[PDB]
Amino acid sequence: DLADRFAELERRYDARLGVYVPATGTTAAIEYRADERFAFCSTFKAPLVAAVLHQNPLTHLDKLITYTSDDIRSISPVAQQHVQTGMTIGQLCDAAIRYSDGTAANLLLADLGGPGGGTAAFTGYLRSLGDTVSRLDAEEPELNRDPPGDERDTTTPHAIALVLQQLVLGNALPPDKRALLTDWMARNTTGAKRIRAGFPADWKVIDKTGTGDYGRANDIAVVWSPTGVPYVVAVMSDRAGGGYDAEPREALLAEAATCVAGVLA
């Protein structure tokens, strides 16, 4: 019984866990707290890259963006290496997805442009995909810091799974732009201990992680069975009971993903 297993994990990790897998052909939707709000943390960077791709000719990827010391305000493993030379939009998309680079995401928000440093256009992009739930209100680092229960900078496992499904499996993007997004997520370096850890090696996994204060740990993925049947898997968690400094616990996500993988196999 999945719901019992997920409740057990909540008790084990003193956590709140949300899980959504959209219905398919012959699988029912899997849902646990799936309509509860959880902080996006860095999972917003997947739809952000989609927004930027959609908004511009493909060769906008080649535009050089320059930035400086006062632009580095959050974990930025790539942008910190590159501050002296600048980064192209393509490099920024790569870093935002594959290293979950915060400065890259801030610069991409600015590229999208408009009110709230790009957060309003980002939210507008989600609305165009029929997501009337999610909202982005701040950039890095503030978007990870909203107190438990606060709706700012939140999505739900349900809302984000339906968004990701459109982006990767559906027709939200033209095939060329879709492939760019899928490949970046395929090559993610931050997800080995999350949804990836719950699925057997012969299943393909592409994903974007999120980690934040109050013990926040998220992962959104598309997985393909060894016969090429795709499923979207959104797992979100927090450990608000430990306060602001509560440690995120990836193991929770690995276990929840293992439970999902068992139903889908």
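One-based numbering along the sequence shown.
- Stretches 84 to 92 and 133 to 141 differ in mean CA B factor, with 84 to 92 having the higher one.
- Averaged over Cα atoms, the B-factor as recorded in the entry is higher for 60 to 68 than for the other of 208 to 216 and 60 to 68.
- As recorded in the entry, 117 carries the highest CA temperature factor of 102, 157, 124, 117.
- Between the residues 74, 171, 182, 106, the entry's highest C-alpha temperature factor is the one at 171.
- Ranked by Cα temperature factor within the chain, residue 23 sits in the highest third according to the deposited record.
- Ranked against the other modelled residues of its chain, the C-alpha B-factor of residue 146 as given in the entry falls in the middle third.
- Residue 153: CA B factor in the lowest third of modelled residues in this chain (values from the PDB entry).
- Ranked by C-alpha B-factor against the other modelled residues of its chain, residue 47 falls in the lowest third.
- Sort the chain's modelled residues by C-alpha temperature factor and residue 32 lands in the middle third, per the entry.
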